[PDB]
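First, one chain by itself in structure tokens, the form deposited in one PDB entry.
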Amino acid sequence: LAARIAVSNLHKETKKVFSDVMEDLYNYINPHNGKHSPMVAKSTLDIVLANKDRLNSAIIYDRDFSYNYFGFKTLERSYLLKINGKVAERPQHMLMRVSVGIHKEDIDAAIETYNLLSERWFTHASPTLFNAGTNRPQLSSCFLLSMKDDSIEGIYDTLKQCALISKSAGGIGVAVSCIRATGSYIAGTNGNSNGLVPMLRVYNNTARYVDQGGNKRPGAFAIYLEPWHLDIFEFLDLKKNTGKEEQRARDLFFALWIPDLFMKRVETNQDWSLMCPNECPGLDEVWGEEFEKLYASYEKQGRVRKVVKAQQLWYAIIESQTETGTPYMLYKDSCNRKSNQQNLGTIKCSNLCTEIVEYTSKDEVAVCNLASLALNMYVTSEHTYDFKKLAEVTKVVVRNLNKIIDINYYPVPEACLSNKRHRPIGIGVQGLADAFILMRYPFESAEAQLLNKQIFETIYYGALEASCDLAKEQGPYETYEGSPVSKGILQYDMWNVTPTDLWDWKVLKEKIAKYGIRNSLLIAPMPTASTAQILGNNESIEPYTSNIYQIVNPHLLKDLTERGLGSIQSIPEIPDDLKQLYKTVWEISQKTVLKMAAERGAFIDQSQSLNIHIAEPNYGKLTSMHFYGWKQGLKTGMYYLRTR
């Protein structure tokens, strides 16, 4: 379209030779300073120059035209390096920089990755697209932290960490439940705590202050609170648009880290006890029956600051969700029961976008490196799915993320310790809805439903095989022995699911039992809000967003063209055949969505950034939606509540 014209113009205004554009980037001198400020690492430039003919000549510049209009503009704004406000890099250079950036001296490996990327089989995360092959690169997306200690020293030490992580272009999930509550005694000053609200206001303004890297994208901290904490009612108010500034912190994000007992008590209309973690230590450090045991003993002991009806807190959760679409809902017990890191102690939160379930502690900060598979690329013109090709590419991605753990420059050393001990990674997807469309399957169709399982079966299987071979080459991760996986327990086992006959799990179990695996966690479906737009696919595991993005969806176009002929259910001309296929996210049952998430969930060792779209959310509809999700086994029952 006009996409062609803009790409042609970029090609006019940039050098075509990849090693030359790389020289210009390393050689760059800042004109206000006169300082040599290379925009690429010398180490990378060296490897490139020693292999230039092969690398320069591997590049297929016609692939630059593969992007659509908004995809190309997005790259142009943010992903392609600028020498003095003027773009130096073509998309293809950027992808080959990233590729050598990850692979270094191994050109064979670098070209494999380059082609996979440039053809759009998968993509790496933005922080990796931005920073790979540059100096002291921070390539990770997700960070998780626990509040260090219930103290001014720990609060401010943890605040310094958020600041530094967020400068380094990372996102944050922070567990704050150990902080003592409004009204609680402080021996050190003979005073009374003001609790979480004003503490969080500091974090709030620290997020407003420290941009994520340097393109004006604002600090992003998700705050996690278990609903047994006394300050919960006020916490559920912090993001509301009205009220007094002292009672608010609207630039943060809010998640609940929810025990089973709470939902239990809500369903049965039982009483709910509110505690201070100082009066009642260690509730965040146990889960399930052990949590239930400790919680109940505390109530029996009178270590309770307020008893409220569970439906009263529930009602406040739902009020907050209707106003703000927040907080996010995580089931603490499902998170911990079905985690391959449970040998490490209780997991205290998820991350910014609700898909990472990794252990944290006062001296470990969870980190995750991310990548997403483009599931549309694996559909044939035959309307079969090429599961062999998916497993195959997945294995390359695992290899890629594993290498990044070792390359990365961590903003705080507790992040480095964490990643080096457990080697977790996070392979996600985008294009799921496109894959259904291309196989001619309505999202809600039983065919959709089988393909849903078999895709994630495939991803996990391939992911495991890759990590297993990495474990033969390099040894398993430090904390492997004692993990569920080290006992032949795999994710689906933990859901008591039996996998279809597509892959031979037996043989893979034997492989792992003999060699073990390199990475404690492998799969984690992230949002893909940037990289999805770049590749031109529906975000993530979301249903079809709409038939428009001033452009009509290319799949609907092609099909409507092949027949010779916003929602499309209103247009009488279009056959009922295609009306089913191209239902929007507003016209799909959310129950179904939760079932499918649970179903793919069995093959996902972390969790999934699962939005729920409801037009006109009410108490009735959210209550059933949440209980259905919890009862279905979800780690994350809801990321955002989306509405019109």
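The term rigid core refers to the maximal set of C-alpha atoms that superpose within 1.5 Å between the two forms. All residue numbers refer to positions in the sequence shown, first residue = 1.
The same protein also exists as the form deposited in another entry; that form is not shown, yet it is the one meant from here on.
In the core-aligned comparison between this form and the one not shown, the C-alpha of 560 is the only one from 391, 162, 274, 560 that shifts by 2 Å or more. Comparing the forms between this form and the one not shown on their rigid core, the Cα displacement of residue 307 stays under 2 Å. Superposition of the core reveals a Cα shift of less than 2 Å for residue 478 between this form and the one not shown. When the rigid core is held fixed, the Cα atom of residue 571 travels 2 angstroms or more between this form and the one not shown.
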